[PDB]
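Take a look at the structure below.
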Amino acid sequence: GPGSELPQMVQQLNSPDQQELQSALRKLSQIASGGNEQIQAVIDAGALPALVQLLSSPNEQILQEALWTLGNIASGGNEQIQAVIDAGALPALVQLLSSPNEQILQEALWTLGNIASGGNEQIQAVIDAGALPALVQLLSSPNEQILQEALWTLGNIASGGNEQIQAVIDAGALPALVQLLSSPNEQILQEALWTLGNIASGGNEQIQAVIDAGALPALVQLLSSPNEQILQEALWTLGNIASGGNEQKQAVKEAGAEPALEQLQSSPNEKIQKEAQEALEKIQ
Numbered sequence: 008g009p010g011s012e013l014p015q016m017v018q019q020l021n022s023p024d025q026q027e028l029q030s031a032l033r034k035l036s037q038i039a040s041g042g043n044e045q046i047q048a049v050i051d052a053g054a055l056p057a058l059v060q061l062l063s064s065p066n067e068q069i070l071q072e073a074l075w076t077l078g079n080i081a082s083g084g085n086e087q088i089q090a091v092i093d094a095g096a097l098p099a100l101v102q103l104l105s106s107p108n109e110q111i112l113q114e115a116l117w118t119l120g121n122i123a124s125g126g127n128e129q130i131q132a133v134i135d136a137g138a139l140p141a142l143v144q145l146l147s148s149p150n151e152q153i154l155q156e157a158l159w160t161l162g163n164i165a166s167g168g169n170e171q172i173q174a175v176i177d178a179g180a181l182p183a184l185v186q187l188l189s190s191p192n193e194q195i196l197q198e199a200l201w202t203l204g205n206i207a208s209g210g211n212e213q214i215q216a217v218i219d220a221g222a223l224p225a226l227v228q229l230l231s232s233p234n235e236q237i238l239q240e241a242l243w244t245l246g247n248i249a250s251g252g253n254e255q256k257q258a259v260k261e262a263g264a265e266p267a268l269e270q271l272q273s274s275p276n277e278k279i280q281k282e283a284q285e286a287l288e289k290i291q
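What follows is the structure, encoded as structure tokens:
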């Protein structure tokens with residue numbers, strides 16, 4: 008676009024009129040969706056403060072589009088995620104989790120999910136800003152797109168270190184996640200299994216928490232899914248749980264995993280057939 012495109016957009020973020028504001032937001036989103044180097048160009052131009060400022064907008068539309076812009080920036084490398092955090096976006100994003108506006112909620116979850124796709128300490132900034140209780144509550148949303156986006160944010164957080172895992176457990180996520188294992192929405196099963204498997208990649212007592220929330224029978228049932236991608240996430244999760252100690256192993260046996268796993272030997276998908284064998288030996 009023109010060589011002077013970026014400074015002009017950044018200056019329009021301080022425009023009195025909504026029409027000019029929205030054009031700058033659409034354009035900055037478009038630039039920031041073209042890879043890390045273009046995101047950094049946007050950051051170096053000074054966009055973050057006016058974007059954060061706009062999270063306090065009275066206007067539904069701008070807030071939504073500002074969130075989307077910020078979301079795109081946070082999809083960059085760790086350095087770029089940290090710049091979003093350093094610009095003070097978190098306290099406002101966390102407040103926006105109590106919003107009853109669905110598009111706003113969806114774009115705030117997206118941004119926080121991206122931030123949580125970072126290093127362990129940007130995961131921890133999200134936790135320290137108080138995001139978890141609200142996030143967990145949204146696993147109960149009737150609106151499956153809010154729900155999908157909350158699960159993806161929790162999953163990213165659960166993919167951190169063991170204290171990240173622990174914080175997810177202490178925020179009360181296990182019962183709502185185990186519940187979502189009954190979901191016939193495949194993207195929700197996929198995200199909930201992935202989140203459970205991340206939590207199950209922790210210590211033994213973290214695995215035991217997953218066991219005690221009653222995950223195993225639904226997990227074993229999902230070994231019969233005709234959807235290969237759900238089959239794949241369930242195996243991976245069950246795989247992580249079987250990687251614990253003796254009583255974690257013992258619980259998976261008790262849950263009937265064995266003929267589900269044997270029955271997966273006859274599978275066409277060699278990745279599936281191998282992993283299946285691996286969890287089979289991997290108990291006892």
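Using our numbering, the first residue of the sequence shown is number 8, and each one after it goes up by one.
The beta carbon of each residue, even a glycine, is placed where N, CA and C say it ideally should be.
Return the first residue and the last residue of the alpha helix (DSSP H) that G120 is part of. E109 to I122
6 Å CB neighbourhood of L196 in its chain, flanking five on each side removed: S190 and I237
Own chain partners of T118 with C-beta closer than 7 Å, once the 5 adjacent residues on each side are dropped: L74, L77, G78, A81 and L100
If you count every other CB in all the chains shown that lies within 10 Å of the CB of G120, and 16 or more means buried, which is it? buried
With a threshold of 7 Å on Cβ separation, who are the neighbours of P14 within its own chain once the five nearest residues in sequence on each side are excluded? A52
Which same chain residues, not among the five before or five after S166, have their C-beta less than 6 Å away from its C-beta? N205
Where do the ends of the alpha helix (DSSP H) carrying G204 lie? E193 to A207
Would you be able to state if there are at least three C-beta pairs under 8 Å between the segment 223 to 243 and the segment 261 to 271? yes
What do you reckon, are the CB atoms on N211 and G168 nearer than 8 Å? no
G41 burial status per 10 Å Cβ neighbour count (16 or more: buried): exposed
Taking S106 and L112 to be in contact with their CB atoms under 8 Å, please state how far apart those CB atoms are, rounded to whole angstroms. 5 Å
Is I88 near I46, with beta carbons less than 8 Å apart? no
Length-filtered (4 minimum) alpha helix (DSSP H) runs lying within the segment 49 to 91: 54 to 60 and 67 to 80
When DSSP labels each residue in this structure, what does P140 get in the three-state scheme? helix
Drop a sphere of 10 angstroms on the beta-carbon of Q71, count the other beta-carbons inside from all chains shown, and report buried for 16 or more, exposed for fewer. buried
Endpoints, the alpha helix (DSSP H) within which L271 is located: Careful: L271 lies outside any alpha helix (DSSP H) and carries neither H nor E.
Hey, could you find the ends of the alpha helix (DSSP H) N150 is sitting in? Here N150 belongs to no alpha helix (DSSP H), and DSSP marks it neither H nor E.
Would you call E254 buried or exposed, if buried means 16 or more other Cβ atoms sit within 10 Å of its Cβ? exposed
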